[PDB]
Amino acid sequence: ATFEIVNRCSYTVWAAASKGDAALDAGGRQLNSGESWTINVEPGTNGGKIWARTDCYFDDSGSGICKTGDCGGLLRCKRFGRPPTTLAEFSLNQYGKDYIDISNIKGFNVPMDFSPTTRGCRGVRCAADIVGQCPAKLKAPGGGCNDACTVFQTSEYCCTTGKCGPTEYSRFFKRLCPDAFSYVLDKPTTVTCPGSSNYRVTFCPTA
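Residue 148 in mature numbering (1 follows the signal peptide of the UniProt record, and there is no 0) sits at position 148 of the sequence shown; the count goes up by one each step and never skips.
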């Protein structure tokens, strides 16, 4: 499957693509403002994610530090990144269908659209100014807006035992972006697409 990853933000982002135990394609790339990166994601990739990282720097060997979304200090991500990260999530060719969503369960850093570039399903978008509006306790000192499970680390917000419910923090993410997941047990906003669709992930999509 083809994924085009497009940075329309005014700031540089360092895009990342991983399925948690390995890179997808080259795993990461610097995208200056306006730049696009097209990758191939192998059919059958389950649990893939694409995200932006902000405020990074790397040496000639590809090692360094990002202020949001860092993945083990690498330019070429093998594994998932540190919150806060708006997440484009996908699992492809699963019993004939692909499944896509955007999630704020790991916080929000950069506005995102994630849409098919082939026919037959909808895209999703979370492009409100969540960082500007982020409540105080969720503001991440390196920029972006943490989710409450990262900040508070109890099942009230992390949904690991019992049956968690919304909180004012999840509802903040859900109100600003109704089509993205706001906590682990939110009503699902996943879209079923034809198997073997192609996609575009756009950072700072045009309004």
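Every residue gets a Cβ at the ideal spot worked out from N, C-alpha and C, and that includes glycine.
{"Check": "Exposure of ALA136, with buried meaning 16 or more beta-carbon neighbours within 10 Å", "Outcome": "exposed"}
{"Check": "Own chain partners of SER170 with C-beta closer than 6 angstroms, once the 5 adjacent residues on each side are dropped", "Outcome": "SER182 and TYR183"}
{"Check": "At least 3 beta-carbon pairs within less than 8 angstroms: the segment 113-121 vs the segment 62-81", "Outcome": "no"}
{"Check": "Sheet register partners of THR2 (DSSP bridge)", "Outcome": "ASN40"}
{"Check": "Cβ separation of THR2 and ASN40, assumed to be a contact under 8 angstroms, to the nearest whole Å", "Outcome": "6 angstroms"}
{"Check": "Residue of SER103, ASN146, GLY27 and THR192 minimising C-alpha distance to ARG125", "Outcome": "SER103"}
{"Check": "Local conformation of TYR157 per DSSP, three classes", "Outcome": "helix"}
{"Check": "For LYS19, the three-state DSSP class (helix, strand or coil)", "Outcome": "coil"}
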